[PDB]
Each structure stands twice: as C-alpha cells, then as structure tokens.
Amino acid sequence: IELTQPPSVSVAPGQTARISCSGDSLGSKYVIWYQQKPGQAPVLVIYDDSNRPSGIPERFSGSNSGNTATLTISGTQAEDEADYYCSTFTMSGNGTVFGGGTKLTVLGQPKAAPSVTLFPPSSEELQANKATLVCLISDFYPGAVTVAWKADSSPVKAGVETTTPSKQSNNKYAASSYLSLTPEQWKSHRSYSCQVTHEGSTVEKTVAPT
C-alpha cells in the first residue's frame, strides 16, 4: 500500500548503484521500475520484479524479497543520471502505487556539503501581521537535500514550501525553503531551526525571536 525509496543515491563512475524500495510484504507483490530524465516521460526499465524490456541494457536488473525491492545498475554511466521510481499494483481503486522516487547522481565532481543561511521574520513583516522564515541552501553537490523545520525541536509540518535544486553557475546546487508562521506562533516558541540533510549528513541553522 505504500512504497518507500531513499530520496537520493550517488555513485562514482563505473561503480554499482543500488536503489531500494520497501513496504509491508513487498516481496509478495510484483514490482515495476521506471527511469525518468529531466523534460521527459518515464521509461519502463524493469517489469515483473526483474524482467528487462528488450532494449534496456543488461546493466539494469531488479530483485525483490522480504520487504525490499532493489534496482541495481552495474558499471554505471553519466547517461544513467535520472530519477527512478518503483511501483506496484494496489487494490485502491484497483490502481497502481509509486514510490516517492530516487535521484541517481553519477559523481562528476567531489562531494560538497551545503551552506545554510537562516533569516528570521523581518520586523517590518511582523508589523504587517505575517511571518516568513527564509532558509537559503547553497553550494552543494550532489543536488539533493531533504529539509526539515523545527519549532523548539518539534517537527513543523504545515506552511513549509521548498524549491527543487537548481544548478549554480559553478555546477554545484542551490535551494531555498520558506516557513510561513503566525506572528504569535513565531513569538510563542523559543526558537525555530532549519535542518538540511545532504548525503546522509545534516547541517542545521537556528533563529530566535527578539
């Protein structure tokens, strides 16, 4: 009923990439995989847990057991950079369900942690009865981060709004995330925090009211 993929996975040129896909009893269900490149339709790459449509390179294989299905790309190339989605048949209403998809980066440069700048709401915006926290993330590679906001160390679900990453003039990536608050919410917590996770590694910045 719900497929879980890691948001991003990266490999050195030539190395094997493994992209996982997990959910309750996945191994009793047949899993299907699509590759998707910027600007185009997804493409079938693996169809019963492990069949290759004729014309997808032997390099690609899939397997499935336990709670986990895996797309394996052996000796991988630049051309394999793409998003991969797993999926399976759900009985709700008799349709199909997709993983959240994972971005495969084929490292063309050294891996770099992002810089995070965090601005509180301006006093000018506060007087207009609004409040936005601006979290600026930059200079990272590969271009994939997961962003998490905290009020006093409690997670913040609502009012967050994040961009996808975009290439900078120097070929590292940038992104931004904005948290909208009530002025009274802003003042009512002791602090808020922007937590950026990148390549399994987290950098955190934090701001406080007056």
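The first residue of the sequence shown is number 1, and the count goes up from there.
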Study note, to complete from the structure: Ranked by mean Cα B-factor in the entry, 184-192 and 11-19, top stretch is 184-192
Review point. In the PDB record, does 78-86 or 128-136 carry the higher mean Cα temperature factor?
Key: 128-136
Review point. Going by the entry, which of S92, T105, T102, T72 has the most elevated CA B factor?
Key: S92
Point to revise | Highest-ranked of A151, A175, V147, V45 once sorted by CA temperature factor in the record | key: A151
Exercise for review: Using the B-factor values recorded in the entry, state whether the Cα atom of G62 falls in the lowest, middle or highest third among the modelled residues of its chain.
Suggested key: lowest
Point to revise | Relative C-alpha B-factor of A158, binned into the chain's lowest, middle or highest third | key: highest
Point to revise | Third of the chain's Cα B-factor distribution that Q40 belongs to, per the entry | key: middle
Review point. Lowest, middle or highest third of the chain for the C-alpha temperature factor of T68?
Key: lowest
Review point. Taking the entry's C-alpha B-factors for this chain, is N51 in the lowest, middle or highest third?
Key: lowest
